[PDB]
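Shown here: protein11.cif, mmCIF, C-alpha atoms and all ligand atoms.
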data_start
loop_
_atom_site.label_atom_id
_atom_site.label_comp_id
_atom_site.auth_asym_id
_atom_site.auth_seq_id
_atom_site.Cartn_x
_atom_site.Cartn_y
_atom_site.Cartn_z
CA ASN Y 701 -2.17 50.67 -115.97
CA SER Y 702 -0.58 49.17 -119.09
CA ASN Y 703 1.10 45.75 -118.60
CA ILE Y 704 3.95 46.56 -120.99
CA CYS Y 705 6.76 49.20 -120.83
CA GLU Y 706 5.81 52.33 -122.81
CA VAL Y 707 9.33 52.59 -124.28
CA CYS Y 708 10.38 48.99 -125.25
CA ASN Y 709 6.93 47.34 -125.32
CA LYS Y 710 8.05 44.38 -123.17
CA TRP Y 711 6.71 43.10 -119.84
CA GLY Y 712 8.93 42.70 -116.80
CA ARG Y 713 9.53 44.66 -113.58
CA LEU Y 714 7.33 47.68 -114.38
CA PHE Y 715 6.71 50.92 -112.45
CA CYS Y 716 3.31 52.44 -112.96
CA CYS Y 717 2.50 56.12 -113.39
CA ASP Y 718 -0.01 57.44 -110.83
CA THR Y 719 -1.47 60.10 -113.10
CA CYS Y 720 -1.75 58.21 -116.40
CA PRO Y 721 -1.98 54.50 -117.38
CA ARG Y 722 1.63 54.21 -118.63
CA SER Y 723 4.19 51.89 -117.25
CA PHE Y 724 8.01 51.65 -117.36
CA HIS Y 725 11.05 49.59 -116.80
CA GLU Y 726 13.31 51.36 -114.30
CA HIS Y 727 16.01 52.35 -116.87
CA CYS Y 728 13.67 52.70 -119.84
CA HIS Y 729 12.13 55.82 -118.21
CA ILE Y 730 14.35 58.93 -118.40
CA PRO Y 731 15.37 59.97 -115.86
CA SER Y 732 15.52 56.39 -114.27
CA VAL Y 733 12.42 55.73 -112.19
CA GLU Y 734 12.85 57.53 -108.87
CA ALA Y 735 13.40 55.35 -105.68
CA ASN Y 736 10.60 56.53 -103.39
CA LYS Y 737 7.89 59.14 -104.39
CA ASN Y 738 4.25 58.08 -103.80
CA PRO Y 739 2.57 59.31 -105.86
CA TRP Y 740 4.93 59.23 -108.90
CA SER Y 741 4.22 60.90 -112.19
CA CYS Y 742 6.07 59.82 -115.38
CA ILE Y 743 7.83 62.20 -117.78
CA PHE Y 744 4.76 62.35 -120.10
CA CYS Y 745 2.71 63.69 -117.16
CA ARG Y 746 5.48 66.11 -116.06
CA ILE Y 747 5.68 67.52 -119.59
CA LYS Y 748 1.88 67.88 -119.79
CA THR Y 749 2.01 69.84 -116.49
CA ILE Y 750 4.57 72.35 -117.81
CA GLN Y 751 2.35 72.94 -120.82
CA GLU Y 752 -0.76 73.32 -118.61
CA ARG Y 753 0.90 75.77 -116.22
CA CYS Y 754 2.05 77.96 -119.15
CA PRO Y 755 -0.31 77.60 -122.08
CA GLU Y 756 1.64 80.23 -124.00
CA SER Y 757 4.61 77.80 -124.02
CA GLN Y 758 2.85 76.15 -127.01
CA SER Y 759 2.98 79.17 -129.24
CA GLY Y 760 5.51 78.85 -132.10
CA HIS Y 761 9.20 79.40 -131.47
CA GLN Y 762 12.24 79.90 -133.64
CA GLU Y 763 14.74 76.97 -133.51
CA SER Y 764 17.60 79.41 -133.07
CA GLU Y 765 16.08 80.79 -129.88
CA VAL Y 766 15.35 77.32 -128.50
CA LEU Y 767 18.90 76.08 -129.09
CA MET Y 768 20.36 78.99 -127.10
CA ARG Y 769 18.32 78.30 -124.03
CA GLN Y 770 20.24 77.40 -120.94
CA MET Y 771 19.59 73.94 -119.51
CA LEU Y 772 17.42 74.99 -116.56
CA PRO Y 773 15.18 72.29 -115.01
CA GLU Y 774 12.33 72.57 -117.56
CA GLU Y 775 14.71 72.45 -120.59
CA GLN Y 776 16.60 69.51 -118.96
CA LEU Y 777 13.26 67.70 -118.69
CA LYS Y 778 12.27 68.51 -122.28
CA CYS Y 779 15.56 67.06 -123.59
CA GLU Y 780 15.12 63.94 -121.44
CA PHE Y 781 11.64 63.48 -122.89
CA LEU Y 782 12.89 64.01 -126.47
CA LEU Y 783 15.60 61.39 -125.92
CA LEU Y 784 12.99 59.04 -124.52
CA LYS Y 785 10.79 59.53 -127.57
CA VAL Y 786 13.68 58.37 -129.78
CA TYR Y 787 14.17 55.26 -127.61
CA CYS Y 788 10.45 54.55 -128.05
CA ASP Y 789 11.11 53.64 -131.72
CA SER Y 790 12.44 50.12 -132.10
CA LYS Y 791 14.95 51.33 -134.72
CA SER Y 792 16.78 53.15 -131.94
CA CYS Y 793 18.54 49.88 -131.18
CA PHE Y 794 20.98 50.62 -134.02
CA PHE Y 795 22.07 53.90 -132.42
CA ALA Y 796 21.96 53.01 -128.69
CA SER Y 797 25.30 51.54 -127.92
CA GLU Y 798 28.85 52.50 -128.96
CA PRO Y 799 29.39 51.89 -132.71
CA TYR Y 800 32.49 50.62 -134.50
CA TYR Y 801 33.56 51.23 -138.04
CA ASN Y 802 35.30 48.73 -140.36
CA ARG Y 803 33.79 48.77 -143.84
CA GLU Y 804 35.69 48.64 -147.13
CA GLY Y 805 35.67 52.07 -148.77
CA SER Y 806 34.56 54.05 -145.71
CA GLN Y 807 36.32 55.67 -142.83
CA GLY Y 808 34.72 56.06 -139.36
CA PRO Y 809 33.58 59.44 -138.06
CA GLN Y 810 35.86 61.83 -136.31
CA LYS Y 811 33.47 62.13 -133.39
CA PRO Y 812 31.44 59.02 -132.77
CA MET Y 813 28.14 59.45 -130.92
CA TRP Y 814 25.39 57.20 -129.62
CA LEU Y 815 22.17 57.38 -127.59
CA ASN Y 816 23.48 55.91 -124.37
CA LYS Y 817 26.32 58.49 -124.43
CA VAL Y 818 23.78 61.28 -124.77
CA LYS Y 819 21.77 59.66 -121.95
CA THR Y 820 24.82 59.63 -119.63
CA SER Y 821 25.67 63.21 -120.65
CA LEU Y 822 22.19 64.36 -119.64
CA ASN Y 823 22.32 62.47 -116.35
CA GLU Y 824 25.70 64.03 -115.56
CA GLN Y 825 24.40 67.60 -116.40
CA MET Y 826 27.08 67.97 -119.08
CA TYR Y 827 25.03 70.15 -121.42
CA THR Y 828 24.72 73.85 -120.54
CA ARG Y 829 22.38 74.71 -123.40
CA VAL Y 830 19.79 72.90 -125.49
CA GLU Y 831 22.13 73.36 -128.48
CA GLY Y 832 24.66 70.83 -126.92
CA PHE Y 833 22.06 68.11 -126.66
CA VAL Y 834 20.58 68.77 -130.13
CA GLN Y 835 24.00 68.84 -131.79
CA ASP Y 836 24.98 65.44 -130.27
CA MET Y 837 21.61 63.92 -131.33
CA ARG Y 838 21.91 65.19 -134.92
CA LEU Y 839 25.54 63.98 -135.05
CA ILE Y 840 24.39 60.41 -134.45
CA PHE Y 841 22.42 60.41 -137.66
CA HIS Y 842 24.85 62.49 -139.67
CA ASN Y 843 27.72 60.07 -138.83
CA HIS Y 844 25.57 57.15 -139.94
CA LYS Y 845 24.59 58.70 -143.26
CA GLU Y 846 28.16 59.61 -144.04
CA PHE Y 847 29.61 56.16 -143.14
CA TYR Y 848 27.00 54.00 -144.93
CA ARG Y 849 27.19 56.07 -148.13
CA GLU Y 850 25.01 54.30 -150.72
CA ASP Y 851 24.27 51.20 -148.72
CA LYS Y 852 20.52 50.99 -148.22
CA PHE Y 853 21.27 50.81 -144.44
CA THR Y 854 21.70 54.58 -144.57
CA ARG Y 855 17.94 54.76 -144.50
CA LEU Y 856 17.81 53.73 -140.85
CA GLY Y 857 19.57 57.04 -140.05
CA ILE Y 858 17.01 59.02 -142.03
CA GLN Y 859 14.18 57.15 -140.32
CA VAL Y 860 15.32 57.69 -136.76
CA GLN Y 861 16.38 61.31 -137.48
CA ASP Y 862 12.83 61.96 -138.71
CA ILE Y 863 11.46 60.67 -135.35
CA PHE Y 864 13.89 62.94 -133.53
CA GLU Y 865 13.05 66.01 -135.61
CA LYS Y 866 9.23 65.60 -135.40
CA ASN Y 867 9.46 65.18 -131.63
CA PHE Y 868 11.85 68.17 -131.33
CA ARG Y 869 9.39 70.40 -133.21
CA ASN Y 870 6.52 69.13 -130.97
CA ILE Y 871 8.19 69.26 -127.55
CA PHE Y 872 9.84 72.64 -128.10
CA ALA Y 873 6.83 74.07 -129.97
CA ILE Y 874 8.78 75.10 -133.03
CA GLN Y 875 6.80 77.41 -135.34
CA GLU Y 876 5.14 75.45 -138.11
CA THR Y 877 6.38 76.13 -141.65
CA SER Y 878 6.16 74.76 -145.25
ZN ZN M 1 11.25 48.97 -121.18
ZN ZN M 2 2.09 59.46 -116.57
ZN ZN M 3 1.22 81.58 -117.37
#
Will you turn the file into structure tokens for me?
Amino acid sequence: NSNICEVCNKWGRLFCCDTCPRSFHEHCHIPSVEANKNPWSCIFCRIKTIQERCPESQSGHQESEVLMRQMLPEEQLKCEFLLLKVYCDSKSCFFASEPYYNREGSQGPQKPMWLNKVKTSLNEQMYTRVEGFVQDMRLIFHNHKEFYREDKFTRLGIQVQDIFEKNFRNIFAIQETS
């Protein structure tokens, strides 16, 4: 197995996947690495299994249909994986913890949002449909772009949103378009 965490790229107390060479810190994996379970398969392996059991799940889908799906176990897992893919980018640090807003010429957002809040919300089964999760994720980046205005720091929001959106289209097999 790898000797660094797949998500944060650091060593430490790592848990190894039994079905692939990836490794994880306990709370870097989503959901948090399960207590017992031998063997244990990581979320990458669990996602690959869903795909393998239902090859047709990779055919193109409309975003509108995906968003309305209820958060049954497979859609729960897909949103956990998508959140984990955003944490995999180092730029996610800017959006992880609770933000605060005190900049001359800007006002903070009406509804602040951050990754760890979305993580807790998933863990607590607070989303009933994929749409709830996707709306909170997109709100993170929208708040950032609106608050930072013309500061070049707005680009970090565009960058991490692009990681989100690419992974959303991949994981949920959104129909390819120009
Ligand atoms: Zn880690
Ligand atoms: Zn694995
Ligand atoms: Zn089938």
Would you give me, as a Markdown table, each residue of chain Y having an atom within 12 Å of an atom of ligand ZN 3 (chain M), along with its shortest atom pair and that distance in Å to one decimal, using only C-alpha atoms and all ligand atoms and sorting by chain and residue number?
| residue | atom | partner | partner_atom | distance |
| --- | --- | --- | --- | --- |
| Y:749 | CA | M:ZN3 | ZN | 11.8 |
| Y:750 | CA | M:ZN3 | ZN | 9.8 |
| Y:751 | CA | M:ZN3 | ZN | 9.4 |
| Y:752 | CA | M:ZN3 | ZN | 8.6 |
| Y:753 | CA | M:ZN3 | ZN | 5.9 |
| Y:754 | CA | M:ZN3 | ZN | 4.1 |
| Y:755 | CA | M:ZN3 | ZN | 6.4 |
| Y:756 | CA | M:ZN3 | ZN | 6.8 |
| Y:757 | CA | M:ZN3 | ZN | 8.4 |
| Y:758 | CA | M:ZN3 | ZN | 11.2 |
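Here CA of residue 795 (chain Y) is placed at a distance of 17.4 Å from CA of residue 729 (chain Y).
Going from CA of residue 814 (chain Y) to CA of residue 839 (chain Y) covers 8.7 Å.
CA of residue 705 (chain Y) is found 4.4 Å from CA of residue 724 (chain Y).
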*May I have the residues within 10 Å of ligand ZN 1 (chain M), computed using only C-alpha atoms and all ligand atoms, as a ChimeraX atom specification?*
/Y:704-714,723-729,787-788
Could those residues be written to a file, using C-alpha atoms, as a compact mmCIF listing (two decimals), in the frame of the given file?
# COMPACT_ATOMS: atom_id res chain seq x y z
CA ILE Y 704 3.95 46.56 -120.99
CA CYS Y 705 6.76 49.20 -120.83
CA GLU Y 706 5.81 52.33 -122.81
CA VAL Y 707 9.33 52.59 -124.28
CA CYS Y 708 10.38 48.99 -125.25
CA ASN Y 709 6.93 47.34 -125.32
CA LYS Y 710 8.05 44.38 -123.17
CA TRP Y 711 6.71 43.10 -119.84
CA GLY Y 712 8.93 42.70 -116.80
CA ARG Y 713 9.53 44.66 -113.58
CA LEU Y 714 7.33 47.68 -114.38
CA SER Y 723 4.19 51.89 -117.25
CA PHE Y 724 8.01 51.65 -117.36
CA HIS Y 725 11.05 49.59 -116.80
CA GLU Y 726 13.31 51.36 -114.30
CA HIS Y 727 16.01 52.35 -116.87
CA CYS Y 728 13.67 52.70 -119.84
CA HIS Y 729 12.13 55.82 -118.21
CA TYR Y 787 14.17 55.26 -127.61
CA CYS Y 788 10.45 54.55 -128.05
Counting all atoms listed in the file, what are the residues of chain Y within 10 Å of ligand ZN 2 (chain M), and for each of them which pair of atoms is the nearest and at what distance in Å, to one decimal? Sort the table by chain and rising number, as a Markdown table.
| residue | atom | partner | partner_atom | distance |
| --- | --- | --- | --- | --- |
| Y:701 | CA | M:ZN2 | ZN | 9.8 |
| Y:716 | CA | M:ZN2 | ZN | 8.0 |
| Y:717 | CA | M:ZN2 | ZN | 4.6 |
| Y:718 | CA | M:ZN2 | ZN | 6.4 |
| Y:719 | CA | M:ZN2 | ZN | 5.0 |
| Y:720 | CA | M:ZN2 | ZN | 4.0 |
| Y:721 | CA | M:ZN2 | ZN | 6.5 |
| Y:722 | CA | M:ZN2 | ZN | 5.7 |
| Y:723 | CA | M:ZN2 | ZN | 7.9 |
| Y:724 | CA | M:ZN2 | ZN | 9.8 |
| Y:740 | CA | M:ZN2 | ZN | 8.2 |
| Y:741 | CA | M:ZN2 | ZN | 5.1 |
| Y:742 | CA | M:ZN2 | ZN | 4.2 |
| Y:743 | CA | M:ZN2 | ZN | 6.5 |
| Y:744 | CA | M:ZN2 | ZN | 5.3 |
| Y:745 | CA | M:ZN2 | ZN | 4.3 |
| Y:746 | CA | M:ZN2 | ZN | 7.5 |
| Y:747 | CA | M:ZN2 | ZN | 9.3 |
| Y:748 | CA | M:ZN2 | ZN | 9.0 |
*asked:* I'd like the neighbourhood of residue 813 (chain Y) as a PyMOL selection string, where a residue qualifies if any of its atoms comes within 9 Å (using all atoms listed in the file), though same-chain residues fewer than 6 positions away should be ignored.
replied: chain Y and resi 795+797-799+836-837+839-841+843
Generate the output file for the selected residues, C-alpha atoms, as an mmCIF file, in the frame of the given file.
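Contents of result_10.cif, freshly written:
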data_model
loop_
_atom_site.group_PDB
_atom_site.id
_atom_site.type_symbol
_atom_site.label_atom_id
_atom_site.label_comp_id
_atom_site.auth_asym_id
_atom_site.auth_seq_id
_atom_site.Cartn_x
_atom_site.Cartn_y
_atom_site.Cartn_z
ATOM 1 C CA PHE Y 795 22.070 53.900 -132.420
ATOM 2 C CA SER Y 797 25.300 51.540 -127.920
ATOM 3 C CA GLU Y 798 28.850 52.500 -128.960
ATOM 4 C CA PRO Y 799 29.390 51.890 -132.710
ATOM 5 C CA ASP Y 836 24.980 65.440 -130.270
ATOM 6 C CA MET Y 837 21.610 63.920 -131.330
ATOM 7 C CA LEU Y 839 25.540 63.980 -135.050
ATOM 8 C CA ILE Y 840 24.390 60.410 -134.450
ATOM 9 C CA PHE Y 841 22.420 60.410 -137.660
ATOM 10 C CA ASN Y 843 27.720 60.070 -138.830
#
*asked:* Which residues are near residue 765 (chain Y)? Cut-off 12 Å, all atoms listed in the file, ignore same chain within fewer than 5 positions. Put them as a ChimeraX atom specification.
replied: /Y:760,770,829-831,872-875
*asked:* I'd like the neighbourhood of region 863-865 of chain Y as a ChimeraX atom specification, where a residue qualifies if any of its atoms comes within 9 Å (using all atoms listed in the file), though same-chain residues fewer than 6 positions away should be ignored.
replied: /Y:782-783,785-786,789,837-838
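Between residue 731 (chain Y) and the candidates Y:715, Y:823, Y:816, Y:761, the tightest atom-to-atom separation, counting all atoms listed in the file, involves Y:823.
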